[PDB]
């Protein structure tokens, strides 16, 4: 049950909805989205590599904020 944190440059509610859709499509994840602070937290067994690649499918700029 590793807990990862990512930076995603979402600018409106529509941006947040799209992040939700790609994560729902992958499955096996428990996530939380903080729009104002451009942050996404994900608890999952999927590798960090897979989570990073999935988020990048949105076309948004993504970086890693680490574990915890």
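Positions refer to the first chain, counted from 1.
Exercise for the section: Give the position of residue 41 by CA B-factor within its chain, expressed as the lowest, middle or highest third. Expected result: Tercile = lowest for this residue's CA B-factor.
Practice task
Using the B-factor values recorded in the entry, state whether the Cα atom of residue 60 falls in the lowest, middle or highest third among the modelled residues of its chain.
Solution key: Within its chain, residue 60 is a middle-third residue by C-alpha B-factor, going by the deposited values.
Practice task
State the tercile, meaning the lowest, middle or highest third, of residue 47 with respect to the CA B-factors recorded for its chain.
Solution key: Residue 47: CA B-factor falls in the middle third of its chain.
Practice task
Could you say whether, by C-alpha temperature factor, residue 24 belongs to the lowest, middle or highest third of its chain?
Solution key: Its C-alpha B-factor, which the entry lists for residue 24, ranks in the middle third among residues of this chain.
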